[PDB]
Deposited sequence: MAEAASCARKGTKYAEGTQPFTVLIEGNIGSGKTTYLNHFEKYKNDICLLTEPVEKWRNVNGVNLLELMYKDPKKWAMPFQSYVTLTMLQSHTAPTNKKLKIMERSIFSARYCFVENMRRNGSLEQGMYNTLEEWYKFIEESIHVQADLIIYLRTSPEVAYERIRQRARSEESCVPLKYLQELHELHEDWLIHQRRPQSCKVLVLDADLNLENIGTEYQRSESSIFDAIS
């Protein structure tokens, strides 16, 4: 099916934007970021644990993120258009890269996650037809986060870092059709 990925920083407006599509649920496969799964891995909130102790929990959290995303990407649909919030690509190019850069993933941990990504991309073609990038400034992103969880103590520098990674990927073509919304 035709596949659209909604990408953007934390606090870039994706959840509000996606709520619009909650009424097209019989023409469109609407796959919202599985944060509820991440908050409840048979009683364990991996999202909370990662934010609390990244050096310990970034690895298993991102591994579980990789799996949930992989599930969403490969889920069957009759609908002729699929819309997904985030992807295995942003997990890899932005989130995992940043955790490597900031030291939360030691080399062997980074390497394990990379081998999974390589294996997935060799075993299957993941459908990405269109990327919609909700582009924001880290300041704007920071303020959405504060005007509304586990993530509320993200520093601005962390948002700045995730911002440039999205810019590198989606504007400057430093990683592998992109529509840039404001």
Note to self, deposited ranges with zero CA coordinates are 1-19, 168-169, 198-200, 207-230
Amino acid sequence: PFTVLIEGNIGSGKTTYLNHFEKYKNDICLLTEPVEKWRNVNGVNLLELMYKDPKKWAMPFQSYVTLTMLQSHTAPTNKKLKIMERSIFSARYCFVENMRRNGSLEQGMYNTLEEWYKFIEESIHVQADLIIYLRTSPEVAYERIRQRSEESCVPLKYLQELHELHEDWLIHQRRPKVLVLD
From here on, numbers count along this sequence of modelled residues.
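The term rigid core refers to the maximal set of C-alpha atoms that superpose within 1.5 Å between the two forms.
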After core superposition, the stretch with larger RMS C-alpha deviation in 7 other deposited structures of this protein, comparing 14-22 and 157-165, is 14-22
Quick note, superposing on core in 7 other deposited structures of this protein and taking C-alpha RMS, the more shifted stretch of 119-127 and 132-140 is 119-127
field: No coordinates for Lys177 in a third or more of the other PDB entries
entry: no
Going by the entry, of stretches 53-61 and 34-42 the one with greater average Cα B-factor is 34-42
Mean Cα B-factor check, 63-71 vs 138-146, entry values; winner is 138-146
Split the chain's modelled residues into thirds by Cα B-factor; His163 lands in the lowest
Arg86: C-alpha B-factor third of its chain, per the entry, is the middle
Quick tally, chain-level thirds of C-alpha B-factors: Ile132 sits in the middle
Temperature factor at the Cα of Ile120, chain-ranked in thirds, falls in the middle
